[PDB]
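Working notes for the structure below.
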Amino acid sequence: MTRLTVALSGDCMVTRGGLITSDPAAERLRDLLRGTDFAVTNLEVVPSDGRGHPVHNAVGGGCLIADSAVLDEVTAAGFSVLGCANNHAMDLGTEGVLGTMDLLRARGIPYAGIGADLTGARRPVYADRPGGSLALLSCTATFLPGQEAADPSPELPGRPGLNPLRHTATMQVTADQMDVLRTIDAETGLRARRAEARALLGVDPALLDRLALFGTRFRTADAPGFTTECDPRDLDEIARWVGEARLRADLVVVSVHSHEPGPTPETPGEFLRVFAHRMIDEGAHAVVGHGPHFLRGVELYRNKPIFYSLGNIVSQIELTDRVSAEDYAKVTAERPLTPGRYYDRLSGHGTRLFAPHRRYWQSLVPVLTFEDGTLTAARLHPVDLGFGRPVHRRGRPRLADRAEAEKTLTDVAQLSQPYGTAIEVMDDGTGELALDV
Amino acid sequence: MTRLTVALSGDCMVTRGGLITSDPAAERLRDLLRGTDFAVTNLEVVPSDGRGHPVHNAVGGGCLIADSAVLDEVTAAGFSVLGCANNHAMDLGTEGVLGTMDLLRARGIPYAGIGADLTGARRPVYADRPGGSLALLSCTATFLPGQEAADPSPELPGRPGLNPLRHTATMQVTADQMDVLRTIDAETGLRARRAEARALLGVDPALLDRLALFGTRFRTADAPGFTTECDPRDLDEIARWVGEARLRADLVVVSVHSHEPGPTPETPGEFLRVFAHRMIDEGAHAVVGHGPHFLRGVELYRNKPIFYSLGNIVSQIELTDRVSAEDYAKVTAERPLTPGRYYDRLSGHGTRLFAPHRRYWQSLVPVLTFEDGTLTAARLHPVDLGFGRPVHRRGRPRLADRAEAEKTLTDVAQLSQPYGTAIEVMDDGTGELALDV
Amino acid sequence: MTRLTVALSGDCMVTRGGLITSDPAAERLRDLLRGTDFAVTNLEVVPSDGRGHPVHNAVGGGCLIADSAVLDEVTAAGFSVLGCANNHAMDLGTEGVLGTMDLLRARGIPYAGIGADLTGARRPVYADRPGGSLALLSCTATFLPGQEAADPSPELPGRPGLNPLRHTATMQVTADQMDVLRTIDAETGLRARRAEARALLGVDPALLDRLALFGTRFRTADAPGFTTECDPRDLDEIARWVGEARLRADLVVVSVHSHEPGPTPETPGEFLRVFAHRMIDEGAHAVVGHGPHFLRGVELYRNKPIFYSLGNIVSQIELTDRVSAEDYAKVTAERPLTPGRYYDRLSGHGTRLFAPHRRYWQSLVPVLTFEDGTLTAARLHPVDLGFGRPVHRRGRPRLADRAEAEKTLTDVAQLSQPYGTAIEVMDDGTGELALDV
Ligand SMILES: [Ca+2]
Ligand SMILES: [Ca+2]
Ligand SMILES: [Ca+2]
């Protein structure tokens with residue numbers, strides 16, 4: 001029997017050194033990560049190779065660029081396989097993502113989710129260890145249009161970028177609501193501005209009894225509703241690569257970045273659940289989600305775990321030394337601002353954004369044990385990111401103390417209850433999933 | 001008195017050599033262009049410096065990339081000042097636009113509308129001749145988000161790109177229609193998916209009695225309607241650069257690319273009219289529009305001409321040798337396709353798109369005469385692009401014959417009548433604007 | 001509680017290897033430096049990246065250029081954060097300072113005080129350690145005009161250089177002395193040579209009842225005097241960066257290079273005292289001065305220490321292997337000179353300059369202990385640089401023996417008495433400041 005352990009974690013938004021402090025609880029986290037066969041995280045920052053140019057990314061909270069020396073903080077902490085597909089990997093454009101891959105390869109760090117072309121971004125990376133091998137696939141459902149990689153044609157090269165999981169939303173409305181929408185379209189003169197497109201394309205492209213108005217899809221249904229669905233091409237392409245990786249490694253882990261919420265902020269979008277189920281149907285041993293910056297529930301599906309969101313494992317956005325002009329413009333200034341003052345005014349001196357809420361400063365590191373591909377243990381290690389501490393101290397991870405760990409483990413159990421997930425709890429505040437195996 | 005002549009033209013979508021054929025009407029066009037002090041066109045193609053990667057641009061009709069030798073076709077034909085801000089300048093990304101500027105500078109071709117940063121894209125270019133100087137400013141209202149250039153910050157460099165003229169549209173709806181829109185928002189569960197944004201930002205960002213639903217702005221009014229307005233920052237920045245250029249050149253020409261229609265396809269958007277009036281208020285001597293691929297009206301405002309659209313002066317999209325994989329994917333294929341077959345199937349063997357309509361194959365070259373900044377003549381030269389000819393022959397310009405020129409001059413007069421523009425007509429089918437000077 | 005130790009030191013003018021000798025007192029110094037969380041020094045030499053060209057710097061004692069391998073001597077000795085703003089950082093011009101930053105970054109050495117532009121030179125550097133973080137800011141009040149860095153404009157790049165603290169001197173003279181100065185100006189014909197400047201600028205620029213003659217500022221006062229004041233822009237910009245750094249690190253240290261004397265050589269200029277007080281008012285935890293090559297007093301201000309001058313920690317000017325032609329020209333030669341003979345004749349075989357005076361060969365290394373930003377200890381370690389030894393042996397640091405340390409500690413106490421500073425003295429000749437905490 002082959003026995004392999006895998007640590008999982010969420011967003012690694014690292015911008016400073018000294019990631020692991022002298023706190024014994026922080027050193028114990030590093031010992032935990034180093035003790036596993038593979039430790040996975042999501043690199044939610046662009047290590048600067050000097051190459052590239054800042055992109056306009058206000059919806060993502062601004063640019064997230066750091067000195068490349070943060071990569072040594074990541075590996076020294078114990079992380080050894082990096083997922084890179086997310087809404088910040090392209091913060092320095094195509095040249096930036098080329099520089100990131102150069103930096104990662106020169107340091108010997110296995111990574112997936114970005115590439116010089118679409119195939120390269122979709123490929124798994126194979127991390128080989130003496131005890132066995134892990135294949136990591138990384139994709140993101142949250143990114144700016146055009147940032148996805150592209151494969152070459154016979155005449156033109158590809159385009160560097162990220163591995164995409166696109167998705168569409170459809171608004172279910174009643175026939176009465178539907179008629180008003182088409183009435184607004186005609187009476188406002190909006191339909192009159194598509195008159196040329198009717199001659200060009202042959203018919204009004206707004207008639208799909210489906211309907212495209214305002215860039216949104218409307219569908220007549222009995223009761224109002226809201227549905228989301230994966231892009232069939234991305235879903236079937238990513239699923240195909242999972243089947244490929246299953247033949248070439250002991251363990252297949254799919255990492256998926258997704259900000260989009262379900263009916264509630266605690267809930268993943270329905271398309272993300274269909275995606276996660278598809279990955280395990282294709283042979284993946286675990287699905288690790290991230291994006292929201294807080295924890296979501298844990299689902300066991302066909303005896304494999306789905307972590308819909310592990311939050312942040314490092315959170316140092318407000319310590320960024322590199323703020324672009326477009327980010328500075330989101331804040332009205334009388335005189336030029338410095339990065340720290342810009343982030344302090346962006347939040348209203350910490351009264352808004354993520355600072356005042358505890359859910360944004362708790363994290364979780366699951367440690368999974370597999371024996372011949374069968375999950376035999378899933379230990380849960382709550383992580384404290386320092387809620388309420390000064391801005392320069394919070395965001396660095398440590399194993400939470402007993403009292404904080406119990407509160408976090410309670411939250412995870414409550415978030416996981418709709419999936420039927422049960423948890424055993426240890427005296428130290430750690431826990432593990434009840435497995436049907 | 002200083003006397004200066006300026007030829008204007010629309011989109012130059014050149015992908016092949018032999019731009020000026022041996023046809024005497026084509027050679028006469030080159031003689032006309034060469035005979036002026038300045039000849040302006042809009043470079044609607046990316047000259048390939050080998051650098052860059054194709055971007056996803058399906059809304060613009062695909063990528064538009066050509067051998068850099070087409071630049072010698074452009075200058076040999078008589079064009080001497082290039083506007084470069086449009087929806088295709090970024091078809092090879094930021095590296096492509098850096099390569100384009102390298103190619104243009106190495107050939108000594110003055111250009112505006114793109115730059116290594118936003119200031120560089122906004123700057124006028126000064127074309128100095130023995131008789132005097134012309135300042136060209138170039139901006140585009142049609143481009144993919146993020147393609148605009150960016151200026152540096154203290155910490156981060158800028159971003160190469162185009163000079164933008166952004167604009168917003170607002171839907172005027174009745175209070176009854178407004179209430180249904182907010183009812184759809186709440187009943188579909190759409191408002192429930194913004195619950196986290198209410199805690200983060202402080203309030204529902206959909207409440208501006210203005211309203212943002214579906215990514216569109218809705219405003220309660222007495223009668224349904226549709227309005228557009230320039231981005232105040234772009235308008236005031238571009239206007240500022242026009243005032244700067246007026247102090248440094250005899251003539252200031254503003255070239256603006258705009259696909260967006262008004263109430264009718266023949267009509268420019270209201271924001272474009274406000275922009276054009278603003279440019280002349282600031283000191284511009286002419287405003288030349290392009291984008292739609294057909295002609296629009298001509299307006300005289302404060303004794304200066306506004307050409308809302310001069311159509312295409314060269315139209316060789318279907319002869320492109322460089323089709324990207326994402327463009328190929330817009331066409332369903334059984335076996336791999338070649339560019340010519342791809343463009344033939346993209347249009348349904350020429351039954352759709354621009355091929356079957358005459359308005360897409362007529363053009364116009366105005367020749368303006370200024371004396372000490374006063375417009376003293378505005379001659380109109382209709383151009384034939386070869387409607388109905390084989391795909392490899394159509395798209396090259398020549399002075400239209402008498403019968404075709406008269407039809408085109410009639411169209412221009414009809415399109416210009418709502419502005420009060422009158423035209424004198426010559427025996428050869430050319431004409432000129434009736435000037436109040 | 002976070003507990004952090006910081007070693008401070010003065011000018012590091014290192015040009016040779018073997019910085020730490022086999023002497024046990026030298027090895028004990030390295031053990032002391034290595035034992036702290038952060039050890040700061042001022043790099044008073046240009047590590048040669050092969051780039052640059054020697055500048056004319058006779059006022060600073062000539063060029064100070066060394067093999068880049070001296071950087072390994074600096075870090076192996078225990079120094080871990082480098083201040084680089086001083087009157088020698090630009091000895092190889094802008095290319096030299098670019099090469100220095102390349103050399104420092106490739107070796108992983110944190111540094112501040114120089115940059116590719118003014119912002120980069122003003123920024124703090126953040127040194128992160130397991131126990132906490134230190135922010136270092138570095139500026140110089142002594143440099144050749146034009147050597148300060150410059151920030152970019154929209155049209156032009158910045159200029160690499162140093163972080164400046166400019167300052168002006170004003171001569172207070174009586175009205176009788178004032179009238180003679182204006183009489184000399186008119187009667188010598190000096191005022192007649194500004195006749196064109198009166199037409200150009202509008203008025204005589206020598207009339208500010210202030211007065212600018214001979215490039216000096218004169219002001220009428222009741223009694224003759226002499227005052228100095230910081231450049232308000234540099235003071236307010238540096239103060240702003242201190243407030244920024246206070247939000248992002250546990251400790252903020254400001255290092256300021258200043259040759260200028262006060263009323264006495266032992267005294268700092270009044271502008272330097274105002275600067276140091278301003279830094280602590282803004283949140284700095286320590287101010288470390290250097291420049292004079294001898295010790296100055298120590299001030300406690302708002303329970304934070306100000307070391308107006310720690311002298312030299314390494315002094316190997318006369319061992320430089322790289323003497324420029326302009327430096328050689330300061331010495332009259334019959335035949336070409338070698339560096340050692342040039343430095344021996346520059347001093348008159350050691351009868352002039354710094355060789356014969358003991359104050360130039362004593363140094364001091366304070367070791368500060370902070371607990372949550374509160375200074376809880378400030379130990380003083382006298383350093384011996386080998387006064388009276390051969391030129392090739394003197395300049396390397398070691399902990400002074402008991403007798404020499406007591407003499408140095410006495411000097412420091414006497415220099416610090418005007419500030420109210422008291423010292424406790426240990427049996428070994430070390431000491432510490434009496435803290436009001
Ligand atoms: Ca994210
Ligand atoms: Ca276009
Ligand atoms: Ca000095």
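Identifiers for the structure tokens are assigned positionally: chains receive A, B, ... in sequence, residues are indexed from 1 per chain, and ligands are indexed from 1 in the order shown.
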Review point. Using only C-alpha atoms and all ligand atoms, which protein or nucleic acid residues are at most 7 Å from ligand 2, as a ChimeraX atom specification?
Key: /B:44,60,86-88,259,291-292
Please return as a compact mmCIF listing (two decimals) with N, CA, C and O atoms, in the first residue's frame the residues found within 12 Å of ligand 1, counting only C-alpha atoms and all ligand atoms.
```txt
# COMPACT_ATOMS: atom_id res chain seq x y z
N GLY A 10 -5.94 27.84 1.27
CA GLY A 10 -6.63 28.77 0.39
C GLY A 10 -5.74 29.79 -0.28
O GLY A 10 -4.65 29.46 -0.77
N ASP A 11 -6.20 31.05 -0.32
CA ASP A 11 -5.47 32.11 -1.01
C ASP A 11 -4.21 32.49 -0.26
O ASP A 11 -4.25 32.81 0.94
N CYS A 12 -3.08 32.50 -0.96
CA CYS A 12 -1.81 32.95 -0.39
C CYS A 12 -1.50 34.32 -0.97
O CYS A 12 -0.88 34.45 -2.03
N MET A 13 -1.95 35.37 -0.27
CA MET A 13 -1.74 36.76 -0.68
C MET A 13 -0.57 37.32 0.12
O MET A 13 -0.74 38.12 1.05
N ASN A 42 -2.71 28.44 -3.18
CA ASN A 42 -3.07 29.23 -4.36
C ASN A 42 -2.31 30.55 -4.30
O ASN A 42 -2.56 31.37 -3.41
N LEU A 43 -1.36 30.73 -5.22
CA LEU A 43 -0.53 31.93 -5.26
C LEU A 43 -1.37 33.10 -5.75
O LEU A 43 -1.55 33.29 -6.96
N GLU A 44 -1.89 33.89 -4.82
CA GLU A 44 -2.78 35.02 -5.13
C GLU A 44 -2.00 36.33 -5.13
O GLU A 44 -2.36 37.30 -4.46
N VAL A 45 -0.91 36.37 -5.89
CA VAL A 45 -0.07 37.56 -6.01
C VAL A 45 0.86 37.32 -7.19
O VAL A 45 1.18 36.18 -7.52
N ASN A 57 -7.72 46.53 -12.77
CA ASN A 57 -8.39 45.46 -12.04
C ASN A 57 -8.98 46.01 -10.74
O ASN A 57 -8.64 45.61 -9.64
N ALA A 58 -9.90 46.97 -10.88
CA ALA A 58 -10.55 47.55 -9.71
C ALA A 58 -11.55 46.59 -9.09
O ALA A 58 -11.75 46.62 -7.87
N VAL A 59 -12.18 45.74 -9.90
CA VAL A 59 -13.18 44.81 -9.38
C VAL A 59 -12.54 43.78 -8.46
O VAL A 59 -13.20 43.25 -7.56
N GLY A 60 -11.27 43.47 -8.67
CA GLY A 60 -10.55 42.53 -7.84
C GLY A 60 -9.87 43.13 -6.62
O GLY A 60 -9.14 42.43 -5.92
N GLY A 61 -10.10 44.41 -6.35
CA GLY A 61 -9.47 45.08 -5.23
C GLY A 61 -8.17 45.77 -5.55
O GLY A 61 -7.48 46.20 -4.62
N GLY A 62 -7.80 45.88 -6.82
CA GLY A 62 -6.56 46.50 -7.22
C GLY A 62 -5.51 45.47 -7.60
O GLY A 62 -5.73 44.25 -7.56
N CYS A 63 -4.35 45.98 -8.00
CA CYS A 63 -3.24 45.12 -8.37
C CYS A 63 -2.60 44.51 -7.14
O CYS A 63 -2.61 45.08 -6.04
N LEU A 64 -2.03 43.31 -7.32
CA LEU A 64 -1.45 42.53 -6.23
C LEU A 64 -0.09 42.04 -6.72
O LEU A 64 0.03 40.95 -7.28
N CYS A 84 -1.95 28.49 -9.65
CA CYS A 84 -1.76 29.88 -10.05
C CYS A 84 -2.92 30.51 -10.81
O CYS A 84 -2.86 31.71 -11.11
N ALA A 85 -3.98 29.77 -11.12
CA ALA A 85 -5.11 30.34 -11.85
C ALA A 85 -6.02 31.06 -10.86
O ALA A 85 -6.61 30.43 -9.99
N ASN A 86 -6.14 32.37 -11.01
CA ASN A 86 -6.99 33.20 -10.16
C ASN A 86 -7.12 34.57 -10.83
O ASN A 86 -6.56 34.81 -11.90
N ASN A 87 -7.86 35.47 -10.18
CA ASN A 87 -8.17 36.77 -10.75
C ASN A 87 -7.05 37.79 -10.57
O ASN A 87 -7.26 38.98 -10.85
N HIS A 88 -5.87 37.38 -10.12
CA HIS A 88 -4.75 38.30 -9.99
C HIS A 88 -3.51 37.86 -10.75
O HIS A 88 -2.57 38.66 -10.86
N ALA A 89 -3.48 36.64 -11.29
CA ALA A 89 -2.28 36.16 -11.98
C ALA A 89 -1.93 37.03 -13.18
O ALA A 89 -0.76 37.09 -13.58
N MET A 90 -2.91 37.72 -13.76
CA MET A 90 -2.70 38.58 -14.91
C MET A 90 -2.60 40.06 -14.54
O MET A 90 -2.83 40.92 -15.40
N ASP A 91 -2.27 40.37 -13.29
CA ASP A 91 -2.18 41.77 -12.88
C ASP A 91 -1.05 42.52 -13.56
O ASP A 91 -1.07 43.75 -13.60
N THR A 140 -9.73 28.95 -12.78
CA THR A 140 -10.41 30.04 -12.09
C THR A 140 -11.70 30.39 -12.83
O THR A 140 -11.72 30.44 -14.07
N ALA A 141 -12.76 30.61 -12.07
CA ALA A 141 -14.03 31.07 -12.60
C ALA A 141 -14.19 32.58 -12.48
O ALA A 141 -15.22 33.12 -12.91
N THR A 142 -13.20 33.27 -11.91
CA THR A 142 -13.25 34.71 -11.69
C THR A 142 -12.01 35.32 -12.32
O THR A 142 -10.89 35.07 -11.86
N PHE A 143 -12.21 36.11 -13.38
CA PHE A 143 -11.13 36.77 -14.08
C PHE A 143 -11.74 37.77 -15.05
O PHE A 143 -12.93 37.70 -15.37
N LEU A 144 -10.92 38.72 -15.49
CA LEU A 144 -11.40 39.70 -16.45
C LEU A 144 -11.43 39.09 -17.85
O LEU A 144 -10.51 38.37 -18.23
N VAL A 256 -9.78 25.24 -7.72
CA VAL A 256 -10.67 26.10 -8.49
C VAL A 256 -10.92 27.39 -7.72
O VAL A 256 -11.35 27.35 -6.56
N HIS A 257 -10.64 28.52 -8.36
CA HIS A 257 -10.83 29.83 -7.77
C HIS A 257 -12.18 30.38 -8.21
O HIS A 257 -12.49 30.38 -9.41
N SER A 258 -12.99 30.82 -7.25
CA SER A 258 -14.35 31.25 -7.55
C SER A 258 -14.82 32.24 -6.50
O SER A 258 -14.98 31.87 -5.33
N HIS A 259 -15.05 33.48 -6.91
CA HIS A 259 -15.65 34.50 -6.05
C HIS A 259 -17.17 34.44 -6.02
O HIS A 259 -17.78 34.88 -5.04
N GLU A 260 -17.79 33.91 -7.08
CA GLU A 260 -19.23 34.06 -7.25
C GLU A 260 -19.98 33.39 -6.11
O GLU A 260 -19.61 32.29 -5.69
N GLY A 289 -11.34 24.65 -3.16
CA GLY A 289 -11.80 25.93 -3.63
C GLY A 289 -11.23 27.08 -2.81
O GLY A 289 -10.75 26.89 -1.70
N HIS A 290 -11.29 28.27 -3.39
CA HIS A 290 -10.82 29.50 -2.76
C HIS A 290 -11.35 30.67 -3.58
O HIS A 290 -11.95 30.48 -4.64
N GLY A 291 -11.14 31.88 -3.07
CA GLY A 291 -11.70 33.06 -3.69
C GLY A 291 -12.39 34.01 -2.72
O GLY A 291 -12.03 35.19 -2.64
N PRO A 292 -13.39 33.53 -1.98
CA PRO A 292 -14.24 34.44 -1.19
C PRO A 292 -13.53 35.19 -0.07
O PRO A 292 -14.06 36.21 0.38
N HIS A 293 -12.37 34.71 0.41
CA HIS A 293 -11.61 35.24 1.56
C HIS A 293 -12.26 34.87 2.89
O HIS A 293 -11.87 35.42 3.93
N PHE A 294 -13.25 33.99 2.88
CA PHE A 294 -13.78 33.40 4.10
C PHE A 294 -14.06 31.93 3.82
O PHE A 294 -14.01 31.48 2.68
N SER A 309 -14.36 26.50 -0.01
CA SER A 309 -13.48 27.66 0.18
C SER A 309 -12.69 27.48 1.46
O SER A 309 -13.28 27.35 2.54
N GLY A 311 -10.69 29.95 2.35
CA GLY A 311 -10.38 31.32 2.74
C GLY A 311 -8.99 31.73 2.29
O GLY A 311 -8.53 31.39 1.20
N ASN A 312 -8.32 32.50 3.15
CA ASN A 312 -6.96 32.94 2.91
C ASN A 312 -6.03 32.23 3.88
O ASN A 312 -6.34 32.10 5.06
N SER A 315 -2.84 36.87 4.16
CA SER A 315 -3.67 38.01 3.76
C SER A 315 -2.94 39.31 4.06
O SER A 315 -3.11 39.90 5.13
N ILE A 317 -2.87 42.16 1.74
CA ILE A 317 -3.20 43.11 0.67
C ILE A 317 -2.79 44.52 1.07
O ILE A 317 -2.14 45.24 0.29
```
Tell me as a compact mmCIF listing (two decimals) with C-alpha atoms, in the first residue's frame which residues belonging to chain B come within 8 Å of chain A, counting only C-alpha atoms.
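The resulting file, part15.txt, is reproduced below:
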```txt
# COMPACT_ATOMS: atom_id res chain seq x y z
CA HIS B 53 -0.03 37.69 -28.92
CA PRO B 54 -3.53 37.71 -30.45
CA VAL B 55 -6.24 38.98 -28.13
CA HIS B 56 -9.83 37.74 -27.99
CA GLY B 146 -8.63 47.44 -20.14
CA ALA B 150 -2.28 53.88 -18.29
CA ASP B 151 0.11 56.43 -16.84
CA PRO B 152 2.77 55.44 -14.29
CA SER B 153 2.46 55.85 -10.54
CA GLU B 155 5.70 52.72 -7.66
CA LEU B 156 4.48 51.13 -10.90
CA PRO B 157 5.03 51.79 -14.61
CA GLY B 158 2.23 52.70 -16.97
CA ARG B 159 0.62 50.41 -19.50
CA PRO B 160 0.89 50.70 -23.30
CA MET B 171 -32.01 53.97 -19.89
CA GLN B 172 -34.92 56.31 -19.16
CA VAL B 173 -37.91 54.28 -17.94
CA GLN B 177 -41.27 50.06 -15.55
CA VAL B 180 -40.92 45.97 -12.25
CA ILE B 184 -37.34 41.24 -10.96
CA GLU B 187 -37.77 38.06 -6.85
CA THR B 188 -35.18 36.32 -9.05
CA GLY B 189 -32.77 36.24 -6.11
CA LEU B 190 -30.36 38.60 -7.87
CA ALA B 192 -29.73 38.22 -2.56
CA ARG B 193 -26.40 37.59 -4.36
CA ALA B 195 -25.66 40.53 0.28
CA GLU B 196 -21.91 40.36 0.92
CA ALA B 199 -21.66 44.51 4.28
CA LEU B 200 -18.34 45.16 2.51
CA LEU B 201 -19.07 48.46 0.77
CA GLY B 202 -21.67 49.65 3.32
CA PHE B 214 -27.75 43.98 -15.16
CA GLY B 215 -24.73 46.23 -15.62
CA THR B 216 -26.94 48.97 -17.08
CA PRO B 224 -39.00 56.06 -21.93
CA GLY B 225 -35.80 57.14 -23.61
CA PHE B 226 -32.09 56.58 -24.15
CA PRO B 261 -24.95 54.34 -33.32
CA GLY B 262 -27.49 57.01 -32.45
CA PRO B 263 -31.26 56.58 -32.76
CA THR B 264 -30.58 55.31 -36.31
CA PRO B 265 -27.49 53.58 -37.77
CA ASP B 321 -3.40 35.89 -43.82
CA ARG B 322 -3.46 35.70 -39.99
CA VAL B 323 -6.50 34.15 -38.28
CA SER B 324 -6.29 33.24 -34.59
CA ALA B 325 -7.62 30.06 -32.99
CA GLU B 326 -10.40 31.95 -31.20
CA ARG B 352 -24.46 38.10 -44.92
CA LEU B 353 -22.13 40.68 -43.34
CA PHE B 354 -20.86 43.64 -45.40
```
Point to revise | Distance query residue B:73 at most 12 Å, only C-alpha atoms, self and fewer than 5 positions along chain excluded, as a list in words | key: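 The neighbour list is residues 12, 13, 14, 15, 16, 17, 18, 19, 20, 21, 30, 43, 47, 66, 67, 68, 78, 79, 80, 314 and 396 of chain B.
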I need the chosen residues saved as an mmCIF file, in the first residue's frame, with N, CA and C atoms.
```cif
data_model
loop_
_atom_site.group_PDB
_atom_site.id
_atom_site.type_symbol
_atom_site.label_atom_id
_atom_site.label_comp_id
_atom_site.auth_asym_id
_atom_site.auth_seq_id
_atom_site.Cartn_x
_atom_site.Cartn_y
_atom_site.Cartn_z
ATOM 1 N N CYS B 12 -8.381 52.584 -42.630
ATOM 2 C CA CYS B 12 -7.437 51.972 -43.563
ATOM 3 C C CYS B 12 -7.161 50.551 -43.076
ATOM 4 N N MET B 13 -7.956 49.597 -43.573
ATOM 5 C CA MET B 13 -7.823 48.182 -43.215
ATOM 6 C C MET B 13 -7.065 47.474 -44.334
ATOM 7 N N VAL B 14 -5.757 47.699 -44.372
ATOM 8 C CA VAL B 14 -4.912 47.208 -45.454
ATOM 9 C C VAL B 14 -4.188 45.946 -44.994
ATOM 10 N N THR B 15 -4.282 44.883 -45.800
ATOM 11 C CA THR B 15 -3.590 43.631 -45.516
ATOM 12 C C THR B 15 -2.769 43.099 -46.682
ATOM 13 N N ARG B 16 -2.817 43.733 -47.852
ATOM 14 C CA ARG B 16 -2.127 43.253 -49.040
ATOM 15 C C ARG B 16 -1.364 44.401 -49.689
ATOM 16 N N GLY B 17 -0.464 44.048 -50.603
ATOM 17 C CA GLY B 17 0.277 45.029 -51.366
ATOM 18 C C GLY B 17 -0.510 45.500 -52.575
ATOM 19 N N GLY B 18 0.162 46.283 -53.413
ATOM 20 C CA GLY B 18 -0.491 46.832 -54.593
ATOM 21 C C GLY B 18 -1.725 47.642 -54.262
ATOM 22 N N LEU B 19 -1.659 48.440 -53.194
ATOM 23 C CA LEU B 19 -2.821 49.196 -52.740
ATOM 24 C C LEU B 19 -3.364 50.094 -53.846
ATOM 25 N N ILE B 20 -2.480 50.804 -54.537
ATOM 26 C CA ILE B 20 -2.845 51.648 -55.670
ATOM 27 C C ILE B 20 -2.622 50.834 -56.938
ATOM 28 N N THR B 21 -3.706 50.495 -57.633
ATOM 29 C CA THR B 21 -3.599 49.685 -58.834
ATOM 30 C C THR B 21 -3.167 50.548 -60.017
ATOM 31 N N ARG B 30 -3.961 58.695 -55.679
ATOM 32 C CA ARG B 30 -2.629 58.897 -55.119
ATOM 33 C C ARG B 30 -2.095 60.284 -55.449
ATOM 34 N N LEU B 43 -5.172 53.992 -39.174
ATOM 35 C CA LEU B 43 -4.552 52.682 -39.371
ATOM 36 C C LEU B 43 -5.351 51.633 -38.607
ATOM 37 N N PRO B 47 0.350 46.354 -37.787
ATOM 38 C CA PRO B 47 1.558 45.918 -38.502
ATOM 39 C C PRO B 47 2.424 45.076 -37.577
ATOM 40 N N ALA B 66 -1.322 42.282 -40.068
ATOM 41 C CA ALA B 66 -0.778 42.288 -41.416
ATOM 42 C C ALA B 66 0.738 42.406 -41.374
ATOM 43 N N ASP B 67 1.363 41.959 -42.463
ATOM 44 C CA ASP B 67 2.786 42.181 -42.675
ATOM 45 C C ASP B 67 3.095 43.671 -42.596
ATOM 46 N N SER B 68 4.201 44.008 -41.928
ATOM 47 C CA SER B 68 4.554 45.410 -41.728
ATOM 48 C C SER B 68 4.816 46.136 -43.040
ATOM 49 N N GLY B 78 0.239 58.089 -50.374
ATOM 50 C CA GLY B 78 0.156 59.511 -50.088
ATOM 51 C C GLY B 78 -0.224 59.859 -48.665
ATOM 52 N N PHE B 79 -0.649 58.897 -47.849
ATOM 53 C CA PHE B 79 -0.948 59.192 -46.455
ATOM 54 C C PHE B 79 0.341 59.472 -45.695
ATOM 55 N N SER B 80 0.311 60.505 -44.852
ATOM 56 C CA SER B 80 1.518 60.978 -44.189
ATOM 57 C C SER B 80 1.364 61.219 -42.695
ATOM 58 N N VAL B 314 -9.619 51.760 -47.146
ATOM 59 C CA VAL B 314 -9.167 50.446 -47.595
ATOM 60 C C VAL B 314 -9.924 49.402 -46.786
ATOM 61 N N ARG B 396 -9.763 47.944 -52.489
ATOM 62 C CA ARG B 396 -8.748 48.915 -52.885
ATOM 63 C C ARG B 396 -9.412 50.191 -53.393
#
```
Exercise for review: Could you tell me, as a VMD selection string, which residues of stretch 74-315 of chain C DSSP assigns to alpha helix (DSSP H) when given the backbone?
Suggested key: chain C and resid 74 to 76 93 to 106 118 to 122 175 to 187 195 to 201 232 to 246 270 to 282
